[PDB]
């Protein structure tokens, strides 16, 4: 599918050279950053979407995530399906596991306090996570069947909001450096 949304947010720290390439391709070179999120996807997320991607380059030199990323409003929730990471594997309050697309993912919840949200400014909100137990190899055509995650989350009382915001396959970094090149469809 054609992506219709380009996500390029940075808190302003360090260097984030994000390139909006042809079709669903994008690349990022980052150095000594604060927090940033770059990716391509869709303006309106869907719990039924099957996301395809191929990360031709996944080279974080520190804390960085290769992850499906999105938000819902009512309530405000930032969600993640993490396929790979750098030096730090994100974890939180353990809820259970879900097997999807050839991998096993741990399910976690965390809460952010007085942090920037999709609406700008700062607030407190919950984050839902599916984090692969081992890093998914990159360079291949990968699939994330999002419905499997939504359903597993629902079974543990993790319900998404009713107003869907963007949904992208992203590169997120925190006080690190690295490079990524990803194609989404």
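Residue numbers count along the first chain shown, from 1.
> Mean Cα B factor from the PDB record: higher for 142 to 150, or higher for 119 to 127?
It is 119 to 127.
> Could you settle it for me: does 92 to 100 or 79 to 87 have the higher average Cα B factor in the PDB entry?
According to the entry, 92 to 100 carries the higher average C-alpha B-factor.
> Among 61, 31, 50, 27, where is the Cα B factor highest in this entry?
Among 61, 31, 50, 27, the highest C-alpha B-factor in the entry belongs to 61.
> Highest recorded C-alpha temperature factor, please, choosing from 22, 171, 176, 167.
By C-alpha B-factor in the record, 22 ranks first.
> Residue 45's Cα B-factor: lowest, middle or highest third of the chain?
Tercile = middle for this residue's CA B-factor.
> Could you tell me which third, lowest, middle or highest, the C-alpha B-factor of residue 132 occupies within its chain?
Answer is lowest: the recorded C-alpha B-factor places it there.
> Can you work out whether the C-alpha temperature factor of residue 38 puts it in the lowest, middle or highest third of the chain?
Bottom third by C-alpha B-factor.
> C-alpha B factor of residue 160, ranked within the chain: lowest, middle or highest third?
It falls in the top third of the chain.
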